[PDB]
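Asks: structural data only, the sequence is not supplied:
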Ligand SMILES: Cc1cc2nc3c(=O)[nH]c(=O)nc-3n(C[C@H](O)[C@H](O)[C@H](O)COP(=O)(O)OP(=O)(O)OC[C@H]3O[C@@H](n4cnc5c(N)ncnc54)[C@H](O)[C@@H]3O)c2cc1C
Ligand SMILES: Cc1cc2nc3c(=O)[nH]c(=O)nc-3n(C[C@H](O)[C@H](O)[C@H](O)COP(=O)(O)OP(=O)(O)OC[C@H]3O[C@@H](n4cnc5c(N)ncnc54)[C@H](O)[C@@H]3O)c2cc1C
Ligand code: SF4
Ligand code: SF4
Ligand code: SF4
Ligand code: SF4
Ligand code: SF4
Ligand code: SF4
Ligand code: SF4
Ligand code: SF4
Ligand code: SF4
Ligand code: SF4
Ligand code: SF4
Ligand code: SF4
């Protein structure tokens, strides 16, 4: 063993506290060490060049680096040594920055002694290291996209245009997500369906996209490039291949049920098409409401009605997964002071979006729920379900300000005589053109802004609503009457989010949305390799941000599939057949079942083993041993820590 | 000619105003028309299937669609007819929605008559159409990335990992952009350099990336897949291949000049390295300050100093371009009431970022410019250079709120006894974890928030600063004294932005940043094919949004390069040699020089012609004629409009 030690100054992060001169000499004087050097920034290109030159010249076969935590830069130095010809796993890392220099600033002498001890432990471990060849595994060039909203549609189209065969699983009968439910979009007031429908048709026609709507992902197993996914397609009771979406079955159906697309304010039949631009344009029967009258069977000319349909099980093999499951609107029923669900003329922002839509339940007319007449006075309340510790929702929903202003502008254009007032804490018009939109809400449409979080909404006997709120800029309490009140509800993770998160094995952030690998530089990656996030799945945001995230997720998922191969770490259990007695107290301790028994000896499957070391710690005789974490290595480290 | 006419209801967008029954019968009765049908949504899959079935059955050779504007759905129907075997350009579009139904709502009868006339004109044009084969052109599988900030670095790394050879042009001597200048990042307060430097090294080592720093893009010519780019590499007067970045030349240099990296508050030598983590780690001589003393030549051991270096011209051929040129910080000198550049202890947010940086000019100490001592009282002013019509800056800069709160928190941690007050209009903490960060600024660090836009900053004789501002929530004027005032300057397009925009040929938005193809669904595309935007080039935003945009831009630019081919529209000039007299009054009228003279006859180059039709309109005898816009076709349309 010819150990080369490299102590990093990291500028003054280590050097400021730890004497990189004494440590270097100590390392040079330790047994088996043939060189000790220090450099200002080893992770940089000059430092890696120095390490490679030292390996080439002095013939170092073991490399020890006294630098930051291995979790940051272990792969960097592993590749550095690889490019110089040395084996990947002859390398050792000493943590003297996060564990020594940054936590013992007031004890420089103790810090230097701790650094000496840690480098001694690292060299003790490095003495007994041996080469290990890492196995390559093929990466399937297929992707799964969960969620058929704007983000999911964008991700699927980008992957399919790059040549990868993509599956798109959607739990609703049709794709579109929440963007299909909007009438217009801010800040341009353009029609959302007019621009989304072509993309939906594209997804429906793409040769590289397999669209599975009305389906859920039930099981996910495996790893990057090698995901096995079990999907459950719910029974439509309509044949997708035969149905043309004419709608005669809907015409004849006698039963009426709520339309999920209309968000509780629209009705359809037990057999329904969610909206005219649905993709696939196919009928669906909800058996909770079907009475099995067979009128739809008799009126259908394609023979597409199948009352004996069963749920179908699909198994796919993919290489990457993109979660694009969006969000649900906050339910403000728990805000008792605002009276949602109790007062007749209190509605939410999404319900208003459905109501203002020309294709919505009311044919685009904003009408009071109480009497079906246009309101003359409308109040909007910001931050409902957001920025509120009384309900455990301390985050901003990021879009409610803008869509509140947009819907106020739309109400003004449709009914210019209407009076509109917004109750806000902050106006968060941060995006491109958002501040101009905010100013236009006042200058052009005459919308009134009151800086005050309403205390209460009181329903009067005539069903009008008094908003009781302080005007904080006038510094006085106001009680103003309105014919309609619209709650600016925030965004929450969708129903069934935890089930899918556990199925895939992802973590979630403090707000309840899925967590990205790094907040700053890996916004669309997760810590699970081969799984990516796009859109509001990662947190509330508007359509362009979700689309950018979907494109980025497509690129990130394409990178490994283009590479076609990934490396498996060889830190795995190995059994000594000559020592193993076949006691088998190790097999059950493997959560992945990597250990079996062949010829009376324990045998580990590399594909199943993950390298936890539990079995090795359990083995009394020591027949089992983990590569790179052998018992002798840890024992040497323990001995060096105290001697 | 067997013309099939298809009138779209578009739901009620046309049908509501225009009688799609009378128009269909009129079309059926017109000469050469063999079928007339109407469908609720023709652009949808069922409508395209209907059109294809009609073409296959009745043998239609001309297709006319009375629907929305051609600029929206002409490619859709072109591909629809292609997939049924018909030629792409036998297709005609009548605009009866944007031009008739949506603009004559109060005259339904006049609307229907106008629709009849427009369909008659469309059929008149379609009678004389003929097939045209479109030529394919290869797409170069190479990309250029302009700008070496976080967005540009991300885009280049994503493209290079997908296998494409990428050029990265950077005007500064080193990559990093503005993220390298930050000390920490919000909302996590993690070190920005610690996470950016590995990416910079990766860019510097990638086999698929050619990094050209200290260079500018001078000329761009051509089109998607076929861009010819002329780049000018400025002379460093240091040999990049030889320089190791040791810094001895800096040690010996006698001249002192401002360091651009330190934003006007840091000094370096005439030969300088912008920062220790620079990529490439190379020296640069600024000849505005060099006195040619040759001390650097004598102290350099690599012989890397080249005082006779000249600017170099590089010509590259690429298929896609990604603009990632970032932003500049607003210069608040024009806000005379705040006294920047006049008061000693008034600084900007970016200057404070450099000052709080441990590697900055002051070694991470926040010191007053007047006396070099720590301030005891600090004020932050929000929205400086933003949301202000007095300076023509009506937009939000979107990050100043958060980095103001972050730098206040950093000042508190470094100097807990310091008092910090923020003067704000709205707190825009919209991002993930931003509202929690905002609350933590108060609960944990005790930062004071005053809702008021300061009227004035007055320098007192002792050089302290009185902020005169209304507290609007107390409703009273306040005059508070501070040792330091930090202006929360906004983001503006970088210097030289207009030159590069004109060089490429891009448009800009109202705020001055580059304009995307569609605000909602194409945030990273431009209307110039093959050119994409990433990061703050498209508008102010934070690091994760810029990184998502960079990944999306990489994916979008990869799509056409994976396809490897694009179609050229055949709407081009054609000369009748038997009629052309070689008068040549057409050649100079082509801005692209597509027309030359061979054998005494005008000859058009397809590669140069773009299809404006100017030459055809100029030709008296009619020898020149534009394909798909022939004189006979327009004359027939004129005749049908009036008869
Ligand atoms: C009232 C309102 C108005 C708005 N107005 C605007 C506006 O004007 N402009 C703007 O830019 N933004 C607006 N937004 C925000 C915008 O809707 C979002 O940015 C966008 O919808 C996010 O798209 P997405 O694909 O990430 O999610 P979604 O649109 O929610 O789509 C997610 C999809 O995933 C599906 N799904 C969920 N769970 C599963 C599962 N387990 N398996 C399979 N599929 C699943 C859902 O059914 C859905 O189809 C508005 C939001 C609201 C509430
Ligand atoms: C004081 C301050 C603090 C901030 N703090 C944070 C924070 O804590 N967290 C956060 O997420 N964001 C923060 N931001 C915002 C963040 O800096 C931006 O989101 C990010 O820098 C944008 O990266 P970019 O690559 O788009 O642009 P830039 O970082 O500006 O990089 C653009 C690059 O293009 C180069 N370039 C320009 N013109 C040309 C040309 N013609 N040819 C070639 N190259 C060219 C530039 O030299 C530069 O290297 C802060 C901003 C400021 C001003
Ligand atoms: S190797 Fe680690 S400690 Fe050394 S400079 Fe790099 S990040 Fe800092
Ligand atoms: S089931 Fe039959 S009748 Fe109903 S929409 Fe489908 S094709 Fe039409
Ligand atoms: S069988 Fe069910 S879906 Fe069909 S018409 Fe009767 S109630 Fe409606
Ligand atoms: S975006 Fe506006 S309305 Fe929505 S939570 Fe944030 S501050 Fe409240
Ligand atoms: S515990 Fe040890 S001895 Fe027993 S079967 Fe496992 S490896 Fe063999
Ligand atoms: S190391 Fe862990 S995963 Fe591997 S065989 Fe032993 S118990 Fe199973
Ligand atoms: S073809 Fe045009 S007019 Fe007809 S439905 Fe589609 S978008 Fe509307
Ligand atoms: S020019 Fe020479 S002395 Fe100066 S940094 Fe480069 S190698 Fe070192
Ligand atoms: S020649 Fe110029 S750069 Fe070199 S030491 Fe002299 S002044 Fe400095
Ligand atoms: S982000 Fe905050 S400080 Fe910056 S312009 Fe917008 S409101 Fe003003
Ligand atoms: S203007 Fe007409 S006649 Fe004259 S050279 Fe051109 S094509 Fe020929
Ligand atoms: S149509 Fe326009 S571009 Fe083409 S040759 Fe004539 S003038 Fe030139």
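Replies: Nice, I can see it. Numbers count the residues shown, from 1 in each chain, chains lettered A, B, ... in the order given. Ligands and ions are numbered 1, 2, ... in the order given.
Asks: show me where the stretch 151-300 of chain A has helices.
Replies: Assigned by DSSP state H, counting those that start in this stretch, the helices in the stretch 151-300 of chain A fall at A:192-205, A:248-252, A:295-299.
Asks: ok, the stretch 501-643 of chain A next?
Replies: A:543-563, A:614-618, A:631-642.
Asks: how about the one residue in the stretch 51-200 of chain A that gets nearest to ligand 10, secondary structure?
Replies: Across the stretch 51-200 of chain A, no residue is closer to ligand 10 than residue A:53, which sits at 16.1 Å (Cβ to the nearest ligand atom). No exception for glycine: its C-beta is placed from N, CA and C like everyone else's. With DSSP: H, G, I helix; E, B strand; the rest coil as the basis, residue A:53 sits in helix.
Asks: of the helices of the stretch 151-300 of chain A, which approaches ligand 7 most closely?
Replies: helix A:192-205 (51.6 Å).
Asks: how about the closest one and ligand 1, touching?
Replies: No: no part of helix A:192-205 sits near ligand 1 under the criterion Cβ under 6 Å from any ligand atom; the closest distance found is 6.9 Å.
Asks: what does stretch A:581-596 contact?
Replies: Outside stretch A:581-596, the residues that touch it by Cβ atoms under 8 Å, 6 or more residues apart in numbering or on different chains are A:572-573, A:597, A:600-606, A:608-610, A:612, A:614-615, A:618-621, A:623-624.
Asks: show me those residues that map onto strands.
Replies: In strands, defined here by DSSP state E, the members of the contacts of stretch A:581-596 are A:573, A:597, A:601-604, A:624.
Asks: pick the one among those closest to residue A:214.
Replies: The closest of these to residue A:214 turns out to be residue A:604 (Cβ to Cβ; 42.6 Å).
Asks: for chain A, which residues are neighbours of ligand 8?
Replies: Residues of chain A lying close to ligand 8 (Cβ under 6 Å from any ligand atom) are A:572-573, A:589-590, A:592, A:594-595, A:604, A:609-615, A:626.
Asks: let me know the closest of these to ligand 6.
Replies: When those are ranked by distance to ligand 6 (Cβ to the nearest ligand atom), residue A:610 comes first, at 41.6 Å.
Asks: returning to what we had before: I'd like the helices of the stretch 151-300 of chain A as TSV, with mean neighbour count and distance to residue B:386 appended.
Replies: Converted to TSV, the helices of the stretch 151-300 of chain A look like this (neighbours: other Cβ atoms under 10 Å in any protein chain shown; distance: least, Cβ to Cβ, whole Å):
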stretch	mean neighbour count	distance to residue B:386
helix A:192-205	20	29
helix A:248-252	17	52
helix A:295-299	17	59
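Asks: quick one: closest of those helices to residue A:516.
Replies: helix A:192-205 (24.7 Å).
Asks: now do the closest one: everything it contacts.
Replies: With Cβ under 8 Å, 6+ apart as the test, helix A:192-205 has contacts from A:148, A:150, A:153-154, A:156-157, A:168, A:175-176, A:179-180, A:182-185, A:209, A:211, A:277, A:279-280, A:359, B:43-45, B:73, B:76, B:518, B:520-521.
Asks: and ligand 3, is stretch A:75-83 touching that?
Replies: No: if you take Cβ under 6 Å from any ligand atom as the test, stretch A:75-83 misses ligand 3, and the best it gets is 7.6 Å.
Asks: how many other residues sit next to the closest residue to residue A:282 other than its chain neighbours?
Replies: Counting by Cβ to Cβ, 6 or more residues apart in numbering or on different chains, residue A:243 is the residue found nearest to residue A:282 once chain neighbours are left out, at 4.6 Å. As a burial measure, residue A:243 scores 23 neighbours (other Cβ atoms under 10 Å in any protein chain shown).
Asks: and the gap between residue A:243 and ligand 8?
Replies: 49 Å (Cβ to the nearest ligand atom, to the nearest Å).
Asks: phi, psi of that residue?
Replies: The phi/psi pair for residue A:243 (degrees, to the nearest 10) reads phi -60, psi 140.
Asks: where do the strands sit along the stretch 101-250 of chain A?
Replies: Taking DSSP state E, counting those that start in this stretch as the test, the strands found in the stretch 101-250 of chain A are A:135-138, A:142-146, A:165-170, A:184-185, A:190-191, A:209-213, A:215-223, A:226-233.
Asks: out of these, which gets nearest to ligand 13?
Replies: strand A:190-191 (43.1 Å).
Asks: helices or strands up against the closest one?
Replies: strand A:184-185 (3 or more Cβ pairs under 8 Å, 6 or more residues apart in numbering or on different chains; DSSP states H and E).
Asks: helices and strands around the strand it packs on, which ones?
Replies: strand A:190-191, helix A:400-414.
Asks: and that strand, how far out from the chain middle?
Replies: Strand A:184-185 sits 25 Å away from the centroid of its parent chain (Cα atoms, centre = their mean, to the nearest Å).
Asks: may I see the buried residues of stretch A:389-397?
Replies: Buried positions in stretch A:389-397, judged by neighbour count with 16 or more other Cβ atoms under 10 Å in any protein chain shown: A:393-397.
Asks: biggest separation within the residues you listed, which pair?
Replies: Farthest pair in those, by Cβ to Cβ: A:394 and A:397, 11.3 Å.
Asks: and the residue of the stretch 451-600 of chain A that's closest to ligand 6?
Replies: For the stretch 451-600 of chain A, Cβ to the nearest ligand atom, closest residue to ligand 6: residue A:488, 5.0 Å.
Asks: what's stretch A:424-439 in contact with?
Replies: A:186-188, A:382-383, A:387, A:396, A:398, A:401-402, A:405-406, A:449-453, A:542, A:544, B:387, B:394-396, B:398, B:426-430, B:509-511, B:513, B:519, B:538-539.
Asks: from those residues, list the buried ones, please.
Replies: In the contacts of stretch A:424-439, the ones that pass as buried (16+ other Cβ under 10 Å) are A:186-187, A:382-383, A:387, A:396, A:398, A:401-402, A:405-406, A:449-453, A:542, A:544, B:387, B:394-396, B:398, B:426-430, B:511, B:513, B:519, B:538-539.
Asks: and chain A, which of its residues are near ligand 6?
Replies: A:382-383, A:386-387, A:396-398, A:400-401, A:426, A:428, A:488, A:490.
Asks: please, where are all the strands along the stretch 301-450 of chain A?
Replies: Using DSSP E, counting those that start in this stretch, the strands of the stretch 301-450 of chain A run over residues A:312-318, A:320-323, A:328-329, A:346-348, A:377-384, A:419-424, A:448-451.
Asks: fine, thanks again, bye for now.
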